[PDB]
Amino acid sequence: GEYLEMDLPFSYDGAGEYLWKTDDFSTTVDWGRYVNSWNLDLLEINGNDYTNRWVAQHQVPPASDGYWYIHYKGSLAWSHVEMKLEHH
Ligand SMILES: [Ca+2]
Ligand code: NI
Numbered sequence: 635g636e637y638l639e640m641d642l643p644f645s646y647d648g649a650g651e652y653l654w655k656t657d658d659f660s661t662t663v664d665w666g667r668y669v670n671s672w673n674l675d676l677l678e679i680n681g682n683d684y685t686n687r688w689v690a691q692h693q694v695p696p697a698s699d700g701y702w703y704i705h706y707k708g709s710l711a712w713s714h715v716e717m718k719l720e721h722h
């Protein structure tokens, strides 16, 4: 299971189980830069459970190498995650 690097903003739609990594999360307080998901079985980031929950990027601790390691699992065509900036 290799973590595939991606850049923000990032979203994914549909079923499957995927491993992604990024170093692009906000580390300063910004309630506009968030992660959200729905209809997932699992969304874990650095061992923290965010499955189907809204969280600001700055609330998610990085790993000790400065990356965020994301494990996604969904079983539906409308399973979804997004990691992005609030448009307003
Ligand atoms: Ca990057
Ligand atoms: Ni605008």
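According to the working numbering, the sequence shown is numbered sequentially starting from 635.
Every residue gets a Cβ at the ideal spot worked out from N, C-alpha and C, and that includes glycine.
In this structure, the C-beta of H721 approaches ligand 2 to less than 7 Å from one of its heavy atoms. Selection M640, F659 and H705 evaluated against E678 yields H705 as nearest (Cα-Cα). Not one heavy atom of ligand 1 is found less than 7 Å from the C-beta of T661. In the structure shown, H714 adopts extended strand secondary structure according to DSSP, grouped into three states. Secondary structure at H692: helix, using DSSP grouped into helix, strand and coil.
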